[PDB]
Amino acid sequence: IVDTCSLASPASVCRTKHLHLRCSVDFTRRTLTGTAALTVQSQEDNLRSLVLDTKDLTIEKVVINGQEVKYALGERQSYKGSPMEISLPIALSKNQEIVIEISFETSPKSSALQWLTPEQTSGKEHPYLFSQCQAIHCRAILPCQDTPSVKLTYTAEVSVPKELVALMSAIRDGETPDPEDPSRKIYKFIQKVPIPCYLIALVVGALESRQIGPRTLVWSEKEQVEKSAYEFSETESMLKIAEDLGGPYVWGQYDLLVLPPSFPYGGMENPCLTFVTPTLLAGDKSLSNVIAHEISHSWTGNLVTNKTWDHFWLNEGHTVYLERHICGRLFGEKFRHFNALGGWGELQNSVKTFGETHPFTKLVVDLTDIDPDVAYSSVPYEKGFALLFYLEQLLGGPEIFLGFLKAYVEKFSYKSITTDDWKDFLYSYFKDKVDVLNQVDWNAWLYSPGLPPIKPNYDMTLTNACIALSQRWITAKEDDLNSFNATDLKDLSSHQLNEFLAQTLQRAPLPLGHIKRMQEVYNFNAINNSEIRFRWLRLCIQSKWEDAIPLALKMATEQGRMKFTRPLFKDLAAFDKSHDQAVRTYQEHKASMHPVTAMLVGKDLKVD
């Protein structure tokens, strides 16, 4: 079996067991320079040459056994990058290992990194850097078998300006002055647990920490540290629940790093140090479900890993399932069901957007010649969760299925697996209910496009009030407008307000006068909760409210979480009154945008 997203030699020929990383972070040249010492193990006899993934990497030299060797860079294959075939002096046989030392330089345009000028940061005095390697961007930082089917420990030391701090997806070893006498510190890191390379992460900036748990520090620039330490207080209690569900948390520390507004995702499950968007800082902890989710990846994702990106749903489907149990443990089973039903709604939106026969709406996909960033959506999260939730109900409830979940984590820990490994284990574990398992339409669930063949059962308690109010607005006529009032919101939680807007948004456009009335009675303009403001502005713009144009333009650019930024640029482009300003705003911003985000919005807007 082969990973169609990688150009490297497959795990069935050789495997990287370890990486030693020495490098310094160069803010003036906007480059990472250093050496990548890979311990490779052969899986065959007479292994004379292996191939690594690269993207826009400058190779300075490839040293083996103190001596240089003959390497070659192949032709670029668009988004995949270019294959780097290294020549081995002495032939390897089964399980024989060799260590290879690549001196490399990263391009300023690395799709894995965003370099921020001081003016792009909170503290206007210092620069900032961060990586984001998932899915296949690790090769844009260094030569590697850039596939999730390979796992490896790594050790790292990195030189940065002594006024700054380096952090990695590892335990911090310590800080010492650089060997070449610059004004630089050389920070050290160690990761003892085998991880896929997409989990290698690096941040370099004016970072400042604050402890919020026994195994948790929150890291951010000085001006965010205080609000964050508050927002994520619940973190350790979520960790404890996660361990109960998943088994022991094996990574040692669980730190949190709150990144600059342009971080592309809500969170990245970097081991030991989760990355999160600043858009979670709502000031009432209401978005802590994202934290629960990242915590859950410490088992589903980071311990048991999808073997290729075709089986990405294993990572995310299970993690969303654990996420919603943690929140259910914390706030009640009726809340777990509210969140699950909301997810089905987001799945509905994804299928309608792509189209119900579209290949990206299948649970298991084929990313041959597809850039994984382009296929990314809520489908693997929500169709994967739906399947696990349907199976929970089919097989006798959450207690029974969480037993399966923990056994599943236990069986495949430290491994990389496919949809079949999962399904075959489900059958093994539930060998006493095989006749129940044979009732499920596996082909449709796993391989058919569109909404799943069957919808699970959801408790409606917390959802009913959302439906009542959305339906009143959707069907409102002139003689209804005067009766709407802020008391409508009186008993609705932040989560219900959001779901109200999500439901209303599915029936957009609403009449313009109706949306003006909504602002008039609810004052949604004044809410800064990002999930809620996101959907409110989408509704205003799709309903042709010109006054919402600058609001939407502002949110789309003042932060770069793609979940918010892409749909806003897309709505603004679709609205004739804002189309031109949308396209010009993008073009004026694409230079200081994250590289992947810049590219995706461009394709969205069809610019260039």
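Quick note: we count residues from 1 along the sequence shown, nothing fancier. Take the two forms, superpose them, and find the largest set of C-alpha atoms that agree within 1.5 Å; that set is the rigid core.
Here 182-190 and 406-414 are scored by the root mean square distance of their C-alpha atoms in 6 other deposited structures of this protein, with each structure fitted by the rigid core; the higher score goes to 182-190. Core-fitted comparison in 6 other deposited structures of this protein shows that, between 479-487 and 197-205, the CA atoms farther from the shown form belong to 479-487. Remark: stretch with higher mean C-alpha B factor among 548-556 and 55-63 is 55-63. Between the stretches 565-573 and 45-53, it is 45-53 that shows the larger average CA temperature factor. Residues shown: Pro148, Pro509, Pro83, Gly384. Highest C-alpha temperature factor in the entry: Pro83. The PDB entry assigns its highest CA temperature factor, among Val218, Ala135, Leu388, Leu245, to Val218. For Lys406, the recorded CA B-factor ranks within the middle third of the chain. Only modelled residues enter the ranking. In the PDB entry, a CA B factor belonging to the highest third of its chain's modelled residues is recorded for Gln96. Compared with the other modelled residues of the chain, the Cα B-factor recorded for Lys162 ranks in the highest third. Split the chain's modelled residues into thirds by C-alpha temperature factor. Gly397 is in the middle one. Ranked by C-alpha B-factor against the other modelled residues of its chain, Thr155 falls in the highest third.
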